[PDB]
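K.L.:
Fold the following and give me the result.
(6 chains, ligands or ions: 8)
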Amino acid sequence: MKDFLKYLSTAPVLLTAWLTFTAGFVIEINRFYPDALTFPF
Amino acid sequence: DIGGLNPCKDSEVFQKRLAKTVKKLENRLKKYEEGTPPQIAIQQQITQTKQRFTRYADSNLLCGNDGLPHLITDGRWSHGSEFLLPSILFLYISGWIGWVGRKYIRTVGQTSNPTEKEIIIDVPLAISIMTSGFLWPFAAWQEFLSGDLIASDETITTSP
Amino acid sequence: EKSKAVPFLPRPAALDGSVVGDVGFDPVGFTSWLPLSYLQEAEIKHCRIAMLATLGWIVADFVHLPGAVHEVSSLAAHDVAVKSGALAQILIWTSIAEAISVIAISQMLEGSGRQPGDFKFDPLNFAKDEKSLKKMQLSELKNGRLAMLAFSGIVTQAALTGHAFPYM
Amino acid sequence: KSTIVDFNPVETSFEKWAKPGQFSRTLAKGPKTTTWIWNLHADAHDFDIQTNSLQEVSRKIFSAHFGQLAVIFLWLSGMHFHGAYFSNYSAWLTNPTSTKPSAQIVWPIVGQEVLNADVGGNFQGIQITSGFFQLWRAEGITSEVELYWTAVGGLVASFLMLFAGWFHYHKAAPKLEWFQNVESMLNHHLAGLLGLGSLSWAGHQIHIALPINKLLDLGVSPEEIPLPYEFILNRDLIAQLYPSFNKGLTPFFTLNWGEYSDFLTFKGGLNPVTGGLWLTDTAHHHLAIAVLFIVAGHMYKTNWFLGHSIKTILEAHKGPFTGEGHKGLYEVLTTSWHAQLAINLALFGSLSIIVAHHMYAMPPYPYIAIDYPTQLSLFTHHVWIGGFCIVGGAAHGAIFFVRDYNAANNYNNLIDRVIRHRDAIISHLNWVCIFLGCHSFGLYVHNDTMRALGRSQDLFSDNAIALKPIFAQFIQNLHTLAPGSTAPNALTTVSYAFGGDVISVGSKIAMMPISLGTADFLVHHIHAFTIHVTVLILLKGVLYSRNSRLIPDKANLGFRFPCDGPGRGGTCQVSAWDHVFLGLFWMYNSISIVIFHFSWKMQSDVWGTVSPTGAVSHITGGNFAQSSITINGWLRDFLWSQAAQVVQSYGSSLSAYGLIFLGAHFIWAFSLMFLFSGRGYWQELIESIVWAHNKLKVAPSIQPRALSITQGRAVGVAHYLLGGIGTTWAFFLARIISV
Amino acid sequence: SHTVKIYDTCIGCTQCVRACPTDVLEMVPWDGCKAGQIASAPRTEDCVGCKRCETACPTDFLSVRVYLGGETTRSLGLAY
Amino acid sequence: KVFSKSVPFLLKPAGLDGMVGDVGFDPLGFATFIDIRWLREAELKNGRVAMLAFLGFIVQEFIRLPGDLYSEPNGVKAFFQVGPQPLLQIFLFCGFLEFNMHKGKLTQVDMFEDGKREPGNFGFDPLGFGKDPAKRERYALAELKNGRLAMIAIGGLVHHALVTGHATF
Ligand code: CLA
Ligand code: CLA
Ligand code: CLA
Ligand code: CLA
Ligand SMILES: CC(/C=C/C=C(C)/C=C/[C@@]12O[C@]1(C)C[C@@H](O)CC2(C)C)=C\C=C\C=C(C)\C=C\C=C(C)\C=C\[C@@]12O[C@]1(C)C[C@@H](O)CC2(C)C
Ligand SMILES: CC(/C=C/C=C(C)/C=C/[C@@]12O[C@]1(C)C[C@@H](O)CC2(C)C)=C\C=C\C=C(C)\C=C\C=C(C)\C=C\[C@@]12O[C@]1(C)C[C@@H](O)CC2(C)C
Ligand SMILES: CC1=C(C/C=C(\C)CCC[C@H](C)CCC[C@H](C)CCCC(C)C)C(=O)c2ccccc2C1=O
Ligand code: SF4
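P.N.:
Residues are numbered from 1 along each chain as shown, chains lettered A, B, ... in the order given. Ligands and ions are numbered 1, 2, ... in the order given. Now the structure:
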């Protein structure tokens, strides 16, 4: 698991993981607080 | 008020839009049976539509002659939650991203194989830099003061 | 040559004698393309899981925890426990244990020296020297295989015929 | 130490996963510019340049095939799982003519739940145009549990294919001699794969699909239909529907095959209940195909003194006009993967197009002819796949000519003689293309300008100068007369498209005689012209891939290169790749015209509803005959008219089709940036951007470079194809689902 | 005919001469570099303008430069 | 091989040697790809914050302040009733403290760049407990253990208030 972790450190895998996480928290914010046109405050 | 607009809480066309959307959703709801998942989904749609319209009405939002919320982005703090606060939020987040990217580029740029560490990210160092971007406004106005933010004449130029 | 278990089959060539519960039983040669330590760890994990599962199935069809949710047969207990969140806690703690297991099996495969299935969990002794440890390892392996087959039979019979503890 | 395989050739390790570009000698040193990243993916599957041994390339290809089949099995498992869990298949079974097939539900986020349409059967979801419901019904699948088990089997099969690929690359890789047993491979693929697959499917149809579908058509609900295994254990559940199983297999072994006429029929036409082909006819067809393919598999000599040698067959086919004939072709096709890929891809795309035609022509599934979205989608998809595969076959023929072609081994054979007179071929094909384009399109333009000038009697129309496709009408007449005259054991024509009665299921037309007039003449000649121009581009690429009068050493520049320079007046796109690029464009044009012709002709002169008294009213109303003869007619009565549903889809459950319409327009227009521009401008703009980055100390170590000329062309053509095909996709789907 | 010029940044690596498809360039004696040789363009009437010569040039901004000019049946690569 | 003392079936983790809480507990090896000094600083700060927050729960449900705003025995509901104005002042005060206690260097890459900074050592000791070095190690270990226990307990109390809603009691 020394080269597998290095493989997971490559640009495509890291970008895919980061974009999946990013889309995930964006989608979940929009699920829990939907239809947010202005700042909540 | 501003620009001839009126608050959406007193806009008749806004309430007409809400009523028409709710009526369409209820007509769609009529063609399903009992407490079946389709009816539950349509009822959730109706509830969310009503909640969204109510929130937009009670939001200091100005509606035009079409009954749609118009954004007042001239800079006034009265409508500051429409553009100014999201503007500050995005500026913070994007400055964070740019700062951590620049810091990672400059950090692995002083190693033996700078190009290797760009396709194969040093995840420990990347995590170290990324969580340090919360001070990007302060770090930027501490590196610009020291002259470490801008190159001067080592930058390359074309022939003319 | 001529493995002990199947006397007309050749020895699996990866199980000579130096493993507990090694009667040379690998006709389809699973050990010829998989690490022996990995397979041993998987077998011991299955043995322990199925022993706990057989005991729990049999006991829960007799004794129930207080509460209306715990008043179902073990065959129908999965859909009730998952809804109540009872299996969620087991899943969480089993996942923690299995992540630590990921680390442990990786270290064992890459050197270390940890025997397959050896978590050093031994509050009491029950195994003082090498001979006692080998005998108890053989007992654990045999009991685990028996319990795996027993749980298989119990589940298949209970699903076929929705009977109580006697699943005949 | 087997004689066919090598044991443990490559170690299973993750070390090379952490070294991108390890396969290439040039990319292994690591990236220095952003061109390395693009070169990494462009050379990933180019196994010819990664190893110098044909054995290693063959082993890599074999394992890649296993990975592809695992991916296909995973896709099929996903389809079956969606049918089992997120579909209204059970509701559609009880009401095939009034419930729209849906097998994908959409989560309620950001307001996207509007996409869950009213498909019927107390269900909300996206209407499915892949025809899986009809296929599953034809398979006898009457429950979603069977779909779940098929999905589980698909997952298991996908894992098995993954394991097979790993095994045959890392544990037991076959040798070159094993791969070069083309006689044995052909024998097995013809007998085992094809024939035994047809035989097994005939068995399944006869024992499962024939009784279950007969009960379904009789009105028996799926819940009271016996489970499929009961039709095998009980010879009385199937002997009531087909009273010939009571005799068992004795008629088969006693050559009294006439007894099996109950379930092995030859009827033709369509089932009046479902609108599809008679499943007894389908079972008989698969049985005959199985026998024919099994017989055909005993042709080539493999391991006994029996069969043919393909080398001896080819070498004996010489002639006065062809010199050495087919001598050396066996060596070409047993030492070059690219030649095999060319032949297989060309014939595979042609087969896909033939499949697309025969699908709608003779609907083979129950209640699929009346599902117009399914028919349109299946035809368009299969024709698109066929065109792409044909262009790929041409590309790999060019690749073989550049790389694997040996001049010494092909002295005076067919390949040599074709290259020796490539000029004549290309010049005459050029003349034919000009003739066909001039005629077809200029007849269209003449019709347009005569209509614009108020001279309606000067058009190339039916009520004007008429170009009747007499040859095709003669064939149509011959087929409708075949039952009883040339096919005396047929009860009905193969397809009602050639003529006959209007077949309607639930007041919806399934099939109907497709009349051919002057409008079909013009569009058929347009098809011929576009196909000829695509062939011209691809054949010019293949023949001039090695040398020309411009560049006498074009083979030394490789298959993929941008140019030879601005000299000779300009030597852009002289490659053979740049011909597969232009040919891709022209294939897009041809296939777009083909699918437009299909959509308009079907909607205007086949599909529609039938009144109880027998009056046929079509979707558009027969406007194809008189308004498809001018370009303004195509623009207005087809594009503008049938685009109404796409543009008015906002706020409805088809709004996703409008969004994809707009996005595909955007992507198609985006392509033109890469297609029209050049690399130097973008490199010099990146220069100033890099200056800004250096000024802010954020210039990347991997130097950013503009996409190479060939990659710029590839990006342009890929975006162009995606945008155009997506625009047509959204247009077709929204139009044919709305109406 | 096109114009081909050689500049004293030439290192005499001969890659231009062995890349010319029409035998325009040749190596001639020189004393301005280690190799003691410099490229020459004595047959520019055969120059086709393909610029293979300067694709093989290793010097920083080239030592052989091709300036496209008047066209000829030789420079246009016309076999007809 | 040494094997860890806490997790006896795992190899001894690296980078924990000279620490005041070393029991060899690092199965995931977080100390290998994260600076151990930063990890100890973060552990100590999280522990101290959790201890203060647990004490805050227990006092809030018991004592509370006079006023309509400060009248919720439930900490989770008190977070909402108190309004944003009192909370934002706490946020800004904590930020001021963070800035002045670390003297500018606040980030993972900036802190411990020059060394000479014992993890968690702010020099805060007005009452003088810790002059004797003999009990200093015991006090450090006690602080670490109490901080970890308080992290677990702070999570427990917060989630009890969420699933029940009344209080901790
Ligand atoms: C494979 C292991 C396993 C699994 C998945 C289950 C699962 C289940 N059991 Mg169960 N059980 C088990 C073993 C298991 N049991 C054993 C070994 C016994 C004998 C003591 C019991 C005795 C038992 C009773 C008496 C009852 C259940 C019940 C139930 C159901 C709901 C409540 C619950 O989780 O049990 C609660 C479990 C217990 C109270 C005793 C568990 C004792 C454990 C298994 C032994 C110690 C092992 C140790 C903690 C392992 C550490 C894990 C590590 C990752 C940290 C649920 C389907 C209830 C039910 O609804 O019946 C239908 C019920 O009334 N079980
Ligand atoms: C009757 C025997 C038989 C059968 C059924 C097949 C079937 C197949 N061969 Mg194959 N082959 C055979 C004999 C056979 N071959 C012999 C004797 C040789 C030596 C000359 C080869 C050499 C060969 C090569 C070099 C390649 C194939 C490929 C293929 C696949 C073509 C893809 C396709 O149509 O998808 C249809 C897919 C299916 C119907 C899925 C089910 C098929 C499963 C996997 C059964 C496969 C039968 C297998 C030979 C049994 C061996 C089991 C093993 C334990 C010994 C297909 C699965 C190509 C391929 O895709 O590679 C993987 C390929 O590149 N074959
Ligand atoms: C059985 C089918 C098959 C097979 C095995 C191959 C195999 C090969 N081809 Mg080939 N080809 C095929 C079909 C096939 N092709 C078809 C149908 C065409 C016509 C378009 C071509 C056109 C073609 C050209 C023009 C070239 C090849 C080349 C190659 C070789 C290298 C491929 C490579 O590294 O790409 C690696 C894979 C990629 C780079 C993937 C690129 C991504 C694609 C372009 C976009 C796909 C988008 C997708 C549909 C999703 C879009 C949806 C959107 C919403 C996101 C390899 C031998 C090249 C070569 O040098 O051969 C020696 C070469 O120059 N082929
Ligand atoms: C609408 C745009 C358009 C048109 C009209 C054409 C036309 C043609 N292309 Mg094409 N092409 C196009 C777009 C178009 N292309 C695009 C976008 C691409 C990029 C991929 C290509 C790429 C391409 C390639 C790669 C090739 C062609 C070829 C051809 C020719 C096929 C032979 C033929 O039919 O000639 C007949 C001419 C026509 C049908 C045009 C209309 C002529 C009218 C109807 C009749 C005559 C009118 C009369 C003379 C007017 C006189 C009056 C006037 C003096 C005032 C033809 C000239 C092939 C070729 O060279 O020819 C064999 C070929 O190899 N094209
Ligand atoms: C207690 C605990 C850990 C305790 C460990 C302790 C104290 C000891 C710590 C120390 O010794 C060490 C280790 C090392 C020393 O150097 C430090 C000290 C401090 C000395 C974890 C709890 C962990 C507690 C957990 C994980 C609880 C999870 C609960 C869940 C998921 C509940 C879910 C539901 O309630 C919902 C959400 C909805 C309901 O309807 C359904 C259900 C399912 C019931
Ligand atoms: C799960 C958890 C700890 C889990 C610990 C585990 C499993 C430990 C296991 C072990 O110890 C054992 C068992 C034995 C050891 O030998 C080994 C290990 C393995 C080490 C802590 C959660 C800890 C969770 C915490 C601390 C959460 C705190 C939440 C807060 C403060 C929320 C505040 C808000 O919610 C309000 C109040 C209002 C909202 O609207 C706004 C916000 C601000 C979001
Ligand atoms: C813009 C342009 C460039 C510059 C284009 C570059 C440098 C491509 C940059 C791609 C970025 C860096 C990655 C892709 C980012 C996308 C957002 C990802 C694709 C979207 C996914 C959904 C697939 C050329 O190099 C070029 C070369 C030859 C002819 C025309 C052109 C040309 O038009
Ligand atoms: S760059 Fe474009 S134009 Fe200049 S030569 Fe290469 S291809 Fe022809």
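
K.L.:
quick one: contacts for the closest residue to residue B:155 other than its chain neighbours?
P.N.:
Of all residues not flanking residue B:155 in the chain, residue D:694 sits nearest, at 4.5 Å (C-beta to C-beta, 6 or more residues apart in numbering or on different chains). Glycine gets a C-beta too; all of them are placed from N, C-alpha and C. With contacts defined as C-beta atoms under 8 Å, 6 or more residues apart in numbering or on different chains, residue D:694 is in contact with B:151, B:154-156.

K.L.:
In three-state terms, label residue D:694 for me.
P.N.:
With DSSP: H, G, I helix; E, B strand; the rest coil as the basis, residue D:694 sits in helix.

K.L.:
what about the residue nearest to the spatial centre of chain C, which SS state?
P.N.:
By C-alpha atoms, centre = their mean, chain C has its centre lying nearest to residue C:47, at 1.7 Å. Put simply, residue C:47 is helix when judged by three-state DSSP.

K.L.:
Likewise for the one 10 residues further on?
P.N.:
Recorded secondary structure, residue C:57: helix (three-state DSSP).

K.L.:
Could I get the contacting residues of the residue lying closest to it once chain neighbours are set aside?
P.N.:
Of all residues not flanking residue C:57 in the chain, residue C:74 sits nearest, at 4.6 Å (C-beta to C-beta, 6+ apart). Shown in contact with residue C:74 (C-beta under 8 Å, 6+ apart): C:56-57, C:60-61, C:158.

K.L.:
now do residue D:300
P.N.:
Residue D:300 neighbours (C-beta under 8 Å, 6+ apart): D:182-184, D:186-187, D:307-310.

K.L.:
Out of these, which end up buried?
P.N.:
D:182-183, D:186-187, D:310 (16 or more other C-beta atoms under 10 Å in any protein chain shown).

K.L.:
Show me which pair in the residues you listed is furthest apart.
P.N.:
With distances taken as C-beta to C-beta, the most widely separated pair in the buried ones among the contacts of residue D:300 is D:187 and D:310, at 11.1 Å.

K.L.:
hmm, back to that, contact partners for the residue nearest to the residue nearest to the centre of chain C when sequence neighbours are not counted?
P.N.:
Spatial nearest neighbour of residue C:47, excluding adjacent residues (C-beta to C-beta, 6+ apart): residue C:144 at 2.1 Å. By C-beta under 8 Å, 6+ apart, the residues touching residue C:144 are C:43-44, C:46-48, C:50-51.

K.L.:
cool, and residue F:79?
P.N.:
Contacts of residue F:79 by C-beta under 8 Å, 6+ apart are residue F:87.

K.L.:
sorry, back to before: let me know the closest of the contacts of residue C:74 to chain D.
P.N.:
residue C:158 (20.2 Å; C-beta to the nearest C-beta).

K.L.:
Next one: the closest one from residue C:152, what distance?
P.N.:
Look at residue C:158 and residue C:152: by C-beta to C-beta, to the nearest Å, they are 11 Å apart.

K.L.:
which one of the two has more residues nearby?
P.N.:
residue C:158 (19 against 12; other C-beta atoms under 10 Å in any protein chain shown).

K.L.:
Nearest the geometric middle of chain E, what residue?
P.N.:
With distances taken as C-alpha atoms, centre = their mean, the residue of chain E nearest its centroid is residue E:25 (4.7 Å).

K.L.:
That one: what's its closest spatial neighbour, skipping adjacent residues?
P.N.:
residue E:17 is the one closest to residue E:25 (C-beta to C-beta, 6+ apart), at 4.5 Å.

K.L.:
Next: residue D:277.
P.N.:
Residue D:277 sits nearest to residue D:364 (C-beta to C-beta, 6+ apart), 4.7 Å away.

K.L.:
Any idea how many residues pack against the one you found?
P.N.:
By the criterion of other C-beta under 10 Å, residue D:364 has 20 neighbours.

K.L.:
So the residue nearest to the centre of chain C sits against residue C:138, correct?
P.N.:
No: using C-beta atoms under 8 Å, residue C:47 makes no contact with residue C:138, being 11.7 Å away.

K.L.:
can you confirm the residue nearest to residue C:47 is in a strand?
P.N.:
No: counting by three-state DSSP, residue C:144 is not part of a strand but helix.

K.L.:
Would you mind measuring from residue D:340 to ligand 1?
P.N.:
Remark: distance between residue D:340 and ligand 1 (C-beta to the nearest ligand atom, to the nearest Å) = 54 Å.

K.L.:
quick one: the closest residue in space to residue E:32 that isn't next to it in sequence from residue D:677, how far?
P.N.:
Excluding the flanking residues, the one nearest residue E:32 by C-beta to C-beta, 6+ apart is residue E:8, at 5.4 Å. According to C-beta to C-beta, residue E:8 stands 36 Å off from residue D:677.

K.L.:
circling back to that earlier point, drop anything exposed from the contacts of residue D:694.
P.N.:
Buried among the contacts of residue D:694 by 16+ other C-beta under 10 Å: none.
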